[PDB]
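Here the structure is laid out as structure tokens; the discussion comes afterwards.
Number of protein chains: 2
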Amino acid sequence: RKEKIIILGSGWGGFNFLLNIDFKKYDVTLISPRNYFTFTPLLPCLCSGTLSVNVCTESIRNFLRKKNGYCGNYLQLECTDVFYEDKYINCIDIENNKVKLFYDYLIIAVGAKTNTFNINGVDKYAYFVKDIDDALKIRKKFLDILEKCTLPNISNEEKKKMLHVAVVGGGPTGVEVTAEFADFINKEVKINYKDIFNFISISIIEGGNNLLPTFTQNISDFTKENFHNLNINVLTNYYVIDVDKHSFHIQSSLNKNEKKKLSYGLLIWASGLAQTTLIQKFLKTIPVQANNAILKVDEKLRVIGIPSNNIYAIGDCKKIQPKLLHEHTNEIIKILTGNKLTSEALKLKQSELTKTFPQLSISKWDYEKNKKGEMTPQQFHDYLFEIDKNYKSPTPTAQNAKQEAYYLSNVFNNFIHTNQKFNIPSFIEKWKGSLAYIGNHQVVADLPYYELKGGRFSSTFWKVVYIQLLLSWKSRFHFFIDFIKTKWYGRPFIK
Amino acid sequence: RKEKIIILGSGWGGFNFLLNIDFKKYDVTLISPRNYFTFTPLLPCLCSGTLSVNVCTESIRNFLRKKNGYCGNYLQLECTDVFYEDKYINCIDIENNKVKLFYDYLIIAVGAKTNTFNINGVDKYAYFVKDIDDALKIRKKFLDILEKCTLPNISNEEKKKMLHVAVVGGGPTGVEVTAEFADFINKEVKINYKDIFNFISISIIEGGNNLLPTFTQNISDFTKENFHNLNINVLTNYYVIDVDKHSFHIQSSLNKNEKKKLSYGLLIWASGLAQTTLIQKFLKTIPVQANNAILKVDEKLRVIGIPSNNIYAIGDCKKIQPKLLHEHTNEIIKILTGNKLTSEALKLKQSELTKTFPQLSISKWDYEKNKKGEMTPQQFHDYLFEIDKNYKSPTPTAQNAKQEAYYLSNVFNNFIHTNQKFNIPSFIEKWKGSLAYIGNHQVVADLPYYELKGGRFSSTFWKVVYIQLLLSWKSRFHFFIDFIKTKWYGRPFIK
Ligand SMILES: Cc1cc2nc3c(=O)[nH]c(=O)nc-3n(C[C@H](O)[C@H](O)[C@H](O)COP(=O)(O)OP(=O)(O)OC[C@H]3O[C@@H](n4cnc5c(N)ncnc54)[C@H](O)[C@@H]3O)c2cc1C
Ligand SMILES: Cc1cc2nc3c(=O)[nH]c(=O)nc-3n(C[C@H](O)[C@H](O)[C@H](O)COP(=O)(O)OP(=O)(O)OC[C@H]3O[C@@H](n4cnc5c(N)ncnc54)[C@H](O)[C@@H]3O)c2cc1C
Ligand SMILES: [Mg+2]
Ligand SMILES: [Mg+2]
Ligand SMILES: [Mg+2]
Ligand SMILES: [Mg+2]
Ligand SMILES: [Mg+2]
Ligand SMILES: [Mg+2]
Ligand SMILES: [Mg+2]
Ligand SMILES: [Mg+2]
């Protein structure tokens, strides 16, 4: 008769919730068609064979038995419908047999799927980079092309066309996949395929002017230079408008009349998120959310429009729509009485108010740049409203999905059925910074309070960071060993 | 204008020939649809996840550059026809494009394929254990069945049916696959799937009375005992006669009228060799061999019936048909130094005559059990004829394919086109013994002067043997690391 929590998804959100949720307090079942967790940041390393699958994964069932002797459950199912009124979900197994499951709480962490932007042919011809199997197919395809072009029945012209690798997307994933292929090409491939090495090329295609546009401008500039120095074709200010079997078309972002047709052998699609069909269907079921393009939750991560307040959502499948400051003006005015109505008066209570309004965090609202003198009540209401409008939901990252998971699981463990049940603070993420590998041993990092821009100890920093981020000693062992293997014996060619 | 050697196959014969052939003296191309070598003895460990793919393989292209600076070639092709009159072969690539290649010498090492004994349904429903992809599919299937049987939509009766693993073949492969599954089931599976552990069973089906029939009787009995002790169903004296989607039928070897119908979830086919289509086609093309079921070579491993004597064959695809003693009686009589034609007179010159007649080897003919007094020329002829008829071709093992490869490559390196042209000795294999893993840390070995029958140090012996048998430091490193990983973290469940 323990309350039942159903987790949907075995990704950064679902798995980390599982890792922290108290199996003694709750009956927990994780449901996912994928019986492992994927350490997504290392996926580009899998495309080149730098790292192995064991570094990049965790088996869900290895974490179902916690040390206090209490256990969770896992079911290999795809959820297809949620029925919030009757508190159950419909799932299917791999053979499309329906199965019905009841819950007391539902944690939706189903992530997102790849976005083709309805561009003709990318679903058909492009390789996505979202999961382990994608990375493995990409590696395999590249190796198949190398062998094909070593055959006598192929002209040099066809070789140059087949050995062009195009990567679409200038964010960290497109950049790292491109960098890993450049390393592989310049090292193991150059040694083992010397007679076709000169025919190989790589292009990276990006709509904006910058590679790694969310990093600093120095890092973007340094990434483009390092790519130039590696003889990678940087097609910034271009985006894809059509894909066919042996060529694709790109469109200049700077001149709508300029188009280019490019031949290619391998096309890697490393950009864009779209909603899962489950979320699209769930949305239509919620009156308040029926025309939404994304699932909205509370500042406490409760799905909005559910009378029972028993469905949560974390990670990439959702956006936070916090309680509105400006619907609570008089109350906020009340909590700071002595002080005149100034922005500084507001900031003075930021610590307390932030527990219920995340948009008041100094990480969310710049009080220096938006300093405001004494205001009338009505003026203060408008200011509050501007803070509401300025609120940005957590970015769709592993970092945020992990932090949301720890927050929410800790709420179930230590708040929900305790004397602290009315003191649940709102979720506020903390930015810890980002790393990207950009080729030829160069690592960049955009962190709070510093930037890293390549250099001899760049890769050492990367390794120190990621070995601590891995979620088991097993993966850490493999992480360490894989770099020894790669240094001593090189990347493998088994396909 | 170096002479061109084409090697067909990247297995034990082809790869080991490549490893020893002098690239300076010859222009060598290896042709195989498989761009790696498979260390087949460790394949059963791959079915359970004890060892990884990197321990079990070698990429061909990593061995194409020898230290002296000279190089070989590899082409990823399947040979389809040999034209021995015009000295070329036809090949196809994976897209069915034909390619024609000329040679001065052709080394046929294409191995064998699995034999279904034309039993209905085994090609449709059974899993073979012949190569890397086979072992991986078997592992995946087993993991899939476990997850399926954890779902709430399945009766206990259906579970017992689906969790029955049947292995067909009581030789070392069937036994080792069975043993590895038993270890996996008893350790990682028992821990991670407690609620269905008791529904799992394994049967091994074998026509004869003995598991490991080619080992000693003590080892065979010990293997059956160990299997009983592990609660494996030992169905010796049974063979499979039909295979359907969810059940198969077996037939008692002891009573023609007794048949059993068995339910199963995973059926593993670990018995039988058949000829490749290439070799079947090649045969019909050679007058002298047109109605043969196997390719015959002479005592120097030259294909018989080829006017140019420039096609060789090694490994599983061939049988040796040595030059006949009894067609050379008079010459043999003259070589003998004796007052009389005795068996002992023959054995006295055995070390010299064995250079041309392998069937005279003490490993091939038992001179003590067939001792013969003074004979007449005609009687000596009949005796010689008995030795001829007693000759057994090298058994189809990696050990023999490897020794044949080193023999033949050494003949090309040091005998062909030198003043030893006419001093080429016949091939005679050396038996080194065999090892088998039979479960729960028990290793058996049947060696020239010892038998090993389990015990605490038997696994230790197994490891020091195989780490020396591996063909690169890369694989040895992985061999060592995989055992540490499996001991510390267990076998993985990633599928
Ligand atoms: C190549 C790559 C590199 C990345 N690198 C970084 C990085 O360096 N730093 C960073 O912060 N972020 C990184 N990310 C982003 C990060 O992976 C995502 O933000 C994170 O995966 C979000 O976690 P999630 O739990 O919401 O979704 P996911 O981790 O994608 O998990 C979704 C889970 O739900 C399951 N699922 C899907 N549909 C259903 C269904 N209908 N029913 C049940 N289960 C379902 C899926 O099988 C999956 O297990 C990277 C992403 C990629 C693709
Ligand atoms: C599971 C298992 C365990 C084993 N354990 C042992 C053991 O412990 N000890 C032992 O001595 N033996 C063992 N063996 C036997 C050993 O693997 C074989 O005897 C050995 O493989 C024979 O070598 P080969 O070169 O003739 O054939 P293979 O090693 O099979 O190589 C044949 C090669 O030819 C290629 N080929 C096939 N058709 C064509 C074509 N038409 N054109 C070009 N190439 C082609 C194949 O891709 C392959 O690369 C084991 C076998 C298996 C399956
Ligand atoms: Mg998740
Ligand atoms: Mg994931
Ligand atoms: Mg996602
Ligand atoms: Mg999500
Ligand atoms: Mg071979
Ligand atoms: Mg092989
Ligand atoms: Mg074979
Ligand atoms: Mg052969």
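Top to bottom, those sequences are chains A and B. Going by the numbering used here, the letters in the first sequence line up with residues 1 to 495, in that order. Going by the numbering used here, the letters in the second sequence line up with residues 1001 to 1495, in that order. From the three backbone atoms N, C-alpha and C, an ideal C-beta is built for every residue, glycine too.
Residue-level contact check: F493 (chain A) touches chain B, since one or more beta carbons of chain B fall below 7 Å from its beta carbon. In chain A, no part has a C-beta under 8 Å from the C-beta of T1080 (chain B); the shortest such distance is about 14 Å. Annotation for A1293 (chain B) indicates a beta carbon at 6 Å or more from all heavy atoms of ligand 3. Under the DSSP assignment, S351 (chain A) falls in the alpha helix (DSSP H) whose first and last residues are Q350 to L353.
At the C-beta level, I191 (chain A) and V234 (chain A) stay beyond 7 Å of one another.
Put simply, the residues with a CB less than 5 Å from any heavy atom of ligand 5 are A:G111, A:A112 and A:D316, in chain order. Within 9 Å of the CB of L75 (chain A), the CB atoms of chain B belong to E1147, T1150, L1151 and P1152, in sequence order along the chain. The Cβ-Cβ distance between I1467 (chain B) and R1476 (chain B) falls below 7 Å.
Near ligand 3, meaning a Cβ closer than 5 Å to any of its heavy atoms, lie the following residues in chain order: A:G9, A:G11, A:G13, A:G14 and A:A109. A1274 (chain B) has its CB no nearer than 6 Å to any heavy atom of ligand 2.
For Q1403 (chain B), the enclosing alpha helix (DSSP H) has its first and last residue at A1398 to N1414. By the Cβ test, the stretch 1397-1406 of chain B is not in contact with the stretch 1328-1347 of chain B, since fewer than three Cβ pairs between them sit closer than 8 Å. Counting only Cβ-Cβ distances below 7 Å, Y1036 (chain B) has contacts in chain A at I494, in chain order. In this structure, DSSP gives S1048 (chain B) a helical state, which the three-state scheme calls helix. For secondary structure counted as the beta strand (DSSP E) over 3 or more consecutive residues, the stretch 1408-1482 of chain B holds these complete runs in sequence order: 1434-1437, 1443-1447 and 1450-1453.
Counting every other CB atom within 10 Å of its CB across the protein chains shown gives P1377 (chain B) a total below 16, marking it as exposed.
Under the criterion of beta carbons closer than 8 Å, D144 (chain A) and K495 (chain A) qualify as touching, at roughly 7 Å. Checking the 6 Å criterion, the Cβ of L43 (chain A) is within range of a heavy atom belonging to ligand 1. For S1263 (chain B), the uninterrupted beta strand (DSSP E) segment begins and ends at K1259 to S1263. Distance between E1374 (chain B) and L1341 (chain B), taken at the CA atoms: about 5 Å.
With fewer than three CB-CB distances shorter than 8 Å, the stretch 326-335 of chain A does not count as touching the stretch 97-110 of chain A. DSSP places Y36 (chain A) in no alpha helix (DSSP H) but in the uninterrupted beta strand (DSSP E) bounded by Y36 to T38. Secondary structure at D27 (chain A): strand, using DSSP grouped into helix, strand and coil. Contacts between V53 (chain A) and chain B, judged by CB atoms closer than 7 Å, involve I1494 in chain order. Each of A:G433, A:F461, A:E429 and A:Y449 was checked against the Cα of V443 (chain A), and the nearest Cα belongs to A:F461. Taking the Cβ of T38 (chain A) as the reference point, at least one heavy atom of ligand 4 falls within a distance shorter than 6 Å. Inclusion of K1261 (chain B) and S1247 (chain B) in the CB contact set at 7 Å is warranted, their separation being smaller than that value.
For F1493 (chain B), the three-state secondary structure derived from DSSP is coil. The CB of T57 (chain A) comes closer than 9 Å to the CB of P1492 and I1494 in chain B, given here in chain order.
Rounded to the nearest angstrom, the gap between the Cα atoms of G265 (chain A) and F1063 (chain B) is 27 Å. Judged by the Cβ position, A1179 (chain B) fails to qualify as a neighbour of ligand 2 at the 6 Å threshold, every heavy atom of the ligand being at least this far.
With fewer than 16 other CB atoms across the displayed protein chains lying within 10 angstroms of its CB, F457 (chain A) is exposed.
Contact between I1219 (chain B) and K1453 (chain B) holds, since their C-beta atoms are separated by about 6 Å, short of 8 Å. When C-alpha distances from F1415 (chain B) are compared across B:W1012, B:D1022, B:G1013 and B:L1008, the shortest belongs to B:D1022. In terms of side-chain proximity, the C-beta atom of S155 (chain A) is found no nearer than 6 Å to any non-hydrogen atom of ligand 1. In terms of Cα proximity to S1059 (chain B), the closest of B:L1046, B:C1045 and B:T1038 is B:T1038.
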